[PDB]
Amino acid sequence: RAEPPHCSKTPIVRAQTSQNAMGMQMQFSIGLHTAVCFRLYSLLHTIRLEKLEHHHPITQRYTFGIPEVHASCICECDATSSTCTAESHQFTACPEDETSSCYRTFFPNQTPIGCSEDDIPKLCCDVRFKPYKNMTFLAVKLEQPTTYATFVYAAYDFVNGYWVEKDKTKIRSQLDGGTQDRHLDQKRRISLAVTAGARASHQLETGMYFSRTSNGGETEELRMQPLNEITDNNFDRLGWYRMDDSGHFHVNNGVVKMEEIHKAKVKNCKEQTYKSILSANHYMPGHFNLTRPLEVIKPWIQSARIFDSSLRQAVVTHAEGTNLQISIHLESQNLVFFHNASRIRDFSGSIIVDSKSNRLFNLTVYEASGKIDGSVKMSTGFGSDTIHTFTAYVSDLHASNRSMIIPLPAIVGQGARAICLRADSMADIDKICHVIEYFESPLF
Amino acid sequence: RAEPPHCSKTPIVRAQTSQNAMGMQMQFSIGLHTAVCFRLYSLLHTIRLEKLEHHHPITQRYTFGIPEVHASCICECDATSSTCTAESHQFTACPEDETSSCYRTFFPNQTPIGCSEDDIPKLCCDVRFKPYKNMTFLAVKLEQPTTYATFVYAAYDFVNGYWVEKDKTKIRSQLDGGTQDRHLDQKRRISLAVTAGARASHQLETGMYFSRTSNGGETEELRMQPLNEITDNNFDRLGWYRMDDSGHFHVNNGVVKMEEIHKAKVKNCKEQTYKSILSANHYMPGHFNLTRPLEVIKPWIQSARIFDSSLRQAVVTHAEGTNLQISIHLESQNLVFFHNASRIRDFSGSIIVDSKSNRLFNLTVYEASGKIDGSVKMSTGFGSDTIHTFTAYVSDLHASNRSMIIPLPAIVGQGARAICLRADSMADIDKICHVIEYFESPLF
Amino acid sequence: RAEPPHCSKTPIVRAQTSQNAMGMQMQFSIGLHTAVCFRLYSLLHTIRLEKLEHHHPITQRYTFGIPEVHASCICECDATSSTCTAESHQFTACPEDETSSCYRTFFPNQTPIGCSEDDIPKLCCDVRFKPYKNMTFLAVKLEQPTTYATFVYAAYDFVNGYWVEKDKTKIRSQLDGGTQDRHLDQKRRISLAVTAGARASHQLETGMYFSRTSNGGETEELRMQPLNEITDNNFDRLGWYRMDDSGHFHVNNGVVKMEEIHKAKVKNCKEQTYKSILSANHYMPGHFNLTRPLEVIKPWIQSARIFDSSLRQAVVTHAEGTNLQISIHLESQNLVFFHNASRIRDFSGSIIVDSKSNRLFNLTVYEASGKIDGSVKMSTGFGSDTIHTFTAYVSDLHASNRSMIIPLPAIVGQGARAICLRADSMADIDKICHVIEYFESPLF
Ligand SMILES: *[C@@H]1O[C@H](CO)[C@@H](O[C@@H]2O[C@H](CO)[C@@H](O[C@@H]3O[C@H](CO)[C@@H](O)[C@H](O)[C@@H]3O)[C@H](O)[C@H]2NC(C)=O)[C@H](O)[C@H]1NC(C)=O
Ligand SMILES: *[C@@H]1O[C@H](CO)[C@@H](O[C@@H]2O[C@H](CO)[C@@H](O[C@@H]3O[C@H](CO)[C@@H](O)[C@H](O)[C@@H]3O)[C@H](O)[C@H]2NC(C)=O)[C@H](O)[C@H]1NC(C)=O
Ligand SMILES: *[C@@H]1O[C@H](CO)[C@@H](O[C@@H]2O[C@H](CO)[C@@H](O[C@@H]3O[C@H](CO)[C@@H](O)[C@H](O)[C@@H]3O)[C@H](O)[C@H]2NC(C)=O)[C@H](O)[C@H]1NC(C)=O
Ligand SMILES: *[C@@H]1O[C@H](CO)[C@@H](O)[C@H](O)[C@H]1NC(C)=O
Ligand SMILES: *[C@@H]1O[C@H](CO)[C@@H](O)[C@H](O)[C@H]1NC(C)=O
Ligand SMILES: *[C@@H]1O[C@H](CO)[C@@H](O)[C@H](O)[C@H]1NC(C)=O
Ligand SMILES: *[C@@H]1O[C@H](CO)[C@@H](O)[C@H](O)[C@H]1NC(C)=O
Ligand SMILES: *[C@@H]1O[C@H](CO)[C@@H](O)[C@H](O)[C@H]1NC(C)=O
Ligand SMILES: *[C@@H]1O[C@H](CO)[C@@H](O)[C@H](O)[C@H]1NC(C)=O
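Under the PDB entry, the name given to chain A is EFF-1A, and the source organism is Caenorhabditis elegans.

Okay, structure coming up:
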């Protein structure tokens, strides 16, 4: 059951520690989602880089909805009539649905269609807003993150004909600063010093993100769509329809802004017919479309969520990330690193350009384990020139079936082509080649 | 007095230089704010990574203020009266306080409150703007930076029972490109080659920043608050009230924009009472709040200033940054690296979540020096599981009292918990544990 | 003709591969635009890091123009006249130049200049838009990139008194993830494993970019200027004048927005004289200025283009970038690395602060090759303190004349100063010093 992970083929650098006036270190690079194994001269010590996370501080929060809008207008032929005035309809709310918010607009200087030729009619409206399908979202401002690696340390013994887990701990290490060090084992003999070369290869930009909220205010996967900061009131972007301290929704500064967004005009004054539109985005009917979550659209994002109910940090878990630098240090004793052979029976897949322009090789490896080297060819011919080389990693100790996404450079354009896969150290004779089809989704 | 810094425990890699058809290098990683020491086989050579700076080019500048606003309105009952017209009050400045700027607005189609029932009154206003407390700020657009490390090289001799500084130079090295090399010592025997793994762990985003300015235009610590670029005229953001080539302030395109931002309505025409507001942000009274400087709110920022009076570059000094890669190269001779022991008597502190959502351990170490390894526990019990491990560095050669900020991952939530500190290489018996209290400031 | 590149002086680290239960690697850092050479113990194997590219996915596209604008207005003295009404001129297009787009505006409540004192005139306009000089541009939204290094591998034999190229291949390697490996030579004996320390030192921010388009929709060098996203309709930014599925240009939501951007007022009603302006940016006459391409203004950008006619990815080629980490691995045999001597006859140049605040040393080296170490001095005196040290690389095997841009830190302010250059390993006696002039272009 509990077994060592695939032990990765790793070059080891022996570094000598500086002298104390009154010591060898084993240095190596470790890949995200991979493990490195060693014995101390007996337990098999394994270190797996399990996670790469950005912890973004949340500097603003507000709750918003998507309004369902209806405008009800009345026309008056006589400009001097007590019905329809700037008093009652210019910069004022409708007089007192409990969930509705209602703002008034005034349109004098209308054309006398349905009136006398000497009349200058006036149109007066109530612009009603209700939350569409009672949807609620939390808007958050995310700022520059702190970075953390999660390592899983596990020591194994092979007794009674099976591997047995002798010790297991999760280790957390901040990556933005200098070398971070601590004891690895329960006996405190081995230490793990973690050094990042620099900032994680990917990062979510500073700005506005959002999550759908439940009745209890429970959040989910973060989404990105043009969204107002707390101090912004741009009607082309999300967040102009906000919930107050009570669960009541309002058009942000609606009393004053209504005359800027509500566009209306008389068709026939007597018939009480008129033209009316909202000059804004993100409302119902017909002006709202919800983006899919960040994790669905970004191959590099495994997850992007708000950490807990205190709503202080958002955590982005990376599916892709550069290697970390490790230094293993310690009676007189020697460390020996071990790796497992890599293997592959077959593969299948396709070359994809998705609706967001991600150019990927969607790959499934069969009965595979460890380091798999791949070559993308110029055409369908297995002997045609190589235009791209990559390496995929399968962390399972035993031959497993696994699906993965391999980013592809732009040179890998339209059309079917050959892709050849080969397990690390295997001869060219043991490569697997297949003609792989191309599928391009239009930009949506 | 002038003494070597704490010599950091450093793993050294011996690299062999490629052959010239017609040479050993000492390689190591160096942490920001730390020093590495060596002897050449006698002077004690010390290299300290003193600074990490981003030099951002300034691509736009303009001077702005915070206006103090007052609207003075007059009402006229008779729509055809020569008093209050589109001629005199629509898209025009007030006729000619020397520092004031005055823009006019026109509101016809008013309700006859205080007039006859057949009247259609008109309201006319003067909207006056003055600089609040004569405050001046420089808006700057900062673009992608160039990166520089500052090293302090200092060679020491121990004669007459004391250390004496034999040589000292400041060394500057660009980090964005390839390996940068130069001679270290006065005798030109030792060379320092600096290689960054990649871009500095933190960076100030491209965009608009600002500084308060004095009478002489002297700048200070940079601040970040939504602010218009030179070509933008968004009234929800700072910078719409700009100073011209003379020290005169104007509402940017005020003559044309006034009718969009000034919202007014008659209360009683005869009584000369009316409602009036400005639909904009960042003005007085009651619509202005100044953000604290970037250095105060961002733990990673030690300083963010405009370099000099030419106003061409902004310099961001980093409080946190990844390690740099060093190669020391050179008659036949050998380099020996030395380190000092690490020590700690005690510590105090608290776990803090500030008003900007920075999750930190505010730490004070007592009589400490060198490398200090810390463990954050699951609960108040000193033997409860470790949820986070970190390392702090104290660069003082002698036991010193120092305060520092340690970023914490989100798993370190609410509540008091134990934190244990231990100097590098000390036995578990020499660790110091304390129950540390939690304090969370609400989001402001 | 076809000759090896300059073989760079490189420190080599020998790493030992982990053991397989059933192997030495040669590790080194390689600089962008440089080459490393070795022999296997005979062919001279050369690896050149030729390119660093970001492949940005394009998530939005739209075609836009720069409108040439003309407003034609008519005044009517009598407010009740059938000529000039809200019906015909408020929120409507002009009635049906084939390329023109025409939107109407209505301005009642005018002052009776040229009318009777009891008249309340009305102004009616046609606001016409045509594409200025038939210019077309493609707006693109660029998102976070994938990173690729291009290596040129070339093996040389020296027979018949000349170098002869025995093999040459271009190698592509993704940098965002883990170690990428493949065979280097035709015989598959040597392998090249590429590891990036982290994300490329520079990156183009997520956002809106544009390119001029030809008749066939052919793109060119990308430019950056405030530009609307597809869902934005901000008149202070580019892209509000868009081309539809036919080659026809429209003011985005022009029918509704016209009353917000067209500002007009009667001068004399009878004379048919009036004031008229567009409250917007990026139109002709007098309100349009085109930024120079990204590659021209950013020293770090060699090129920034749309890859091909499918318009799915934009490719940014970097002129500056950090080193990559290489591991060369393989019968029992040994790898020996070789380098060429560095040389320089003379140099010329100037210190420049351009119109975009880039602080650079514009340098020309004469009869130079390899590694050139430079020192920037405090004053004009050749013996004055060094305020900055840098290293430039010339990849040509033979002494060549080459121009380059060296970024300078802000400490290198105004005024003439000495700069001293010296080829790697040359004695201080062989340095070349010149007093170098300062030229600062004002901020434009
Ligand atoms: C992956 O690599 C590790 C080495 O890094 C392999 O570990 C080896 O596991 C075998 C058992 O599978 C151990 O062999 C011996 O087993 C007999 C009982 O059959 C026992 O009497 C011996 O004392 C011994 O334990 C061997 O010690 C162990 N090697 C090391 C260096 O730890 C592992 O088998 C590899 N896994 C796969 C799936 O290839
Ligand atoms: C930090 O580490 C350095 C070594 O890296 C220590 O330097 C050592 O300093 C002592 C003096 O404190 C030197 O010892 C000797 O002093 C006597 C006079 O008392 C003199 O006659 C001898 O010739 C000799 O200089 C010693 O040479 C020096 N060691 C090295 C390798 O440089 C330093 O003491 C440490 N500092 C602290 C505060 O622990
Ligand atoms: C740059 O460095 C390389 C070494 O890394 C130099 O390569 C050397 O090239 C010479 C020829 O220029 C080779 O020498 C010999 O030439 C004679 C014929 O004149 C021939 O009979 C010998 O068998 C031999 O090839 C030498 O082997 C080669 N060295 C290596 C190690 O490859 C190159 O000359 C340098 N270039 C410059 C411009 O300095
Ligand atoms: C949910 O929507 C319904 C109408 O569909 C409404 O009656 C109800 O009050 C809304 N829920 C809340 C919590 O307001
Ligand atoms: C990749 O292919 C698998 C089938 O092997 C499919 O289930 C999966 O959804 C595909 N993923 C993408 C991103 O195309
Ligand atoms: C400063 O403010 C005062 C009023 O408080 C004003 O009289 C003075 O002119 C202002 N200073 C300048 C330099 O304009
Ligand atoms: C940290 O604690 C010290 C007292 O030891 C205090 O002076 C300092 O202001 C605190 N800093 C922060 C950021 O909380
Ligand atoms: C180009 O501009 C001319 C006027 O200068 C116009 O006649 C022509 O129709 C425009 N070209 C296209 C393709 O519309
Ligand atoms: C640098 O100087 C050369 C002349 O040696 C000139 O042709 C080139 O345009 C200059 N480049 C810059 C960016 O100033």
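Next, the rest of the story.
Each helix and strand counted, chain A has three helices and 30 strands in total. Considering only C-alpha atoms, chain A reaches an extent of 105 × 60 × 45 Å along its principal axes. Considering chain A as a whole, with its 444 residues, one finds that 60% of them fall into the buried category. For chain A, the exposed surface amounts to about 18400 Å²; the carbon and sulfur share of it is 48%.

The subject of this paragraph is the interface of chain C and chain B. Each partner contributes residues to the interface: chain C has 74 residues there, and chain B has 68 residues. Of the roughly 5600 Å² buried between chain C and chain B, counting both surfaces, carbon and sulfur atoms make up 46%. The interface formed by chain C and chain B contains seven salt bridges. Its salt-bridge partner being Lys-371 of chain C, residue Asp-181 of chain B comes within 2.7 Å of it at the nearest N-O pair. Our count for the contact surface shared by chain C and chain B stands at 39 residue pairs in polar contact. Broken down by secondary-structure element, the contributors of at least two residues to the side of chain C that touches chain B are β1 (11-17), β17 (262-268), β22 (335-339), β25 (370-377) and β26 (386-394) of chain C. Ranked by the residues each element gives to the side of chain C that touches chain B, the list is headed by β26 of chain C, at six residues. Among the residues forming the side of chain C that touches chain B, the class breakdown is 28 nonpolar, 25 polar and 21 charged.

Residue and element names in this part refer to chain C. Around ligand 3, the neighbouring residues are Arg-39, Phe-158, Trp-163, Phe-338, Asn-340, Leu-397 and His-398. Note that an oxygen atom of ligand 3 is positioned 2.8 Å from one of the side-chain N or O atoms of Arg-39. Contacts to ligand 3 include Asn-340, whose side-chain N or O atom sits 2.2 Å from an oxygen atom. Here ligand 3 loses 50% of its free accessible area of 750 Å² to cover by the protein chains.

Let us now look at the relation of the copies chain C and chain A. Turning chain C through 120° and shifting it by 0.0 Å along the axis lays it on chain A, with an RMSD of 0.0 Å. Here the two chains are linked by the operation of a three-fold rotation axis. Within chain C, the C-alpha atom positioned nearest to the axis of rotation is that of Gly-197 of chain C, 2.7 Å from it. When the interface residues of chain C are mapped onto chain A, a mere 9% of them again lie at the interface, so each copy presents a different face.

A separate point is the environment of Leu-52 of chain C. Summarising the element assignment, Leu-52 of chain C is placed in strand β5 (residues 44-64). Given a relative accessible area of 5%, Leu-52 of chain C falls into the buried group.

Attention now moves to the pattern of salt bridges. One pass over the full model with this rule turns up 75 salt bridges over all chains. In this structure, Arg-189 of chain A and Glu-331 of chain A form a salt bridge, with 3.7 Å as the shortest nitrogen-oxygen distance. Taken together, the shared-partner salt bridges connect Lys-9, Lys-371, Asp-373 and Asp-424 of chain A together with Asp-181 of chain C into one network.

Let us look at the packing of aromatic side chains. In total, this model carries 45 aromatic pairs over all chains according to the counting rule given. Geometrically, the ring pair formed by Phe-64 of chain A and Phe-137 of chain A is stacked, given 5.1 Å between the ring centres and 20° between the ring planes. The two residues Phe-64 of chain A and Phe-137 of chain A agree in class, both being buried. Summarising the aromatic geometry, the rings of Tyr-103 of chain C and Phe-129 of chain C are spaced 5.8 Å apart at their centres and angled 75° between planes, so their arrangement reads as edge-to-face. Of the two residues, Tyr-103 of chain C is situated in strand β7 (residues 101-107) and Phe-129 of chain C in strand β8 (residues 122-131); the sequence distance between them amounts to 26 residues. The burial state of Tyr-103 of chain C is the same as that of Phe-129 of chain C; both residues are buried. Here the aromatic residues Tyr-103, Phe-129, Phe-235, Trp-240, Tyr-241 and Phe-249 of chain A are joined through ring pairs into a cluster of three or more. Note that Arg-242 of chain C overlies the ring of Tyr-62 of chain C, its terminal NZ or CZ placed 3.9 Å from the centroid.

For the rest of this paragraph, the subject is the interface of chain C and chain A. You'll often see interface size given as the accessible area lost when the parts meet. Taken together, the contact pairs 68 residues of chain C with 74 residues of chain A. For the pair chain C and chain A, the two sides together bury roughly 5600 Å², of which 46% comes from carbon and sulfur. In terms of surface lost to chain A, no three residues of chain C exceed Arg-172, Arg-199 and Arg-312 of chain C, which account for 15% of the buried area on that side. Applying the counting rule to chain C against chain A returns seven salt bridges. The closest approach of N and O atoms between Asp-428 of chain A and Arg-188 of chain C, which form a salt bridge, is 3.6 Å. For the pair chain C and chain A, the number of links is 39 residue pairs in polar contact. Counting residues per element, the side of chain C that touches chain A draws most heavily on β5 of chain C, at six residues. When its residues are assigned to classes, the side of chain C that touches chain A shows 19 nonpolar, 34 polar and 15 charged. Taken together, the two bridges between strand β1 (residues 11-17) of chain A and β1 of chain C define a ladder with antiparallel strand orientation. From the neighbouring strand, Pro-11 of chain A faces β1 of chain C, where its bridge partner is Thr-17 of chain C.

The rules behind each value
Residues numbered from 1 in each chain as written, not as in the entry; some residues may be left out. Chains lettered and ligands numbered in written order. Heavy atoms only, no water. Helix = DSSP H or I, 4+ residues; strand = E, 2+ residues; numbered from the N terminus. Buried < 20%, exposed > 50% of the residue type's maximum accessible area, 1.4 Å probe, protein only. Areas by Shrake-Rupley, 256 points an atom, 1.4 Å probe, with all protein chains shown as cover. Contact = heavy atoms within 4.5 Å. Buried area = accessible area lost by both parts, 1.4 Å probe. Salt bridge = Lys/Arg side-chain N within 4 Å of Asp/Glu carboxyl O. Polar contact = N/O pair within 3.5 Å; in protein donor to acceptor, adjacent residues only side chain to side chain. Nonpolar A, V, L, I, M, F, W, Y, C, P; charged D, E, K, R; others polar. Near = heavy atom within 4 Å. Least-squares fit on C-alpha atoms. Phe/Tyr/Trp six-rings, centres within 6.5 Å; stacked < 30°, edge-to-face > 60°. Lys NZ or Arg CZ within 6 Å of the ring centre and 35° of its normal. Pairing = 2+ DSSP bridges.

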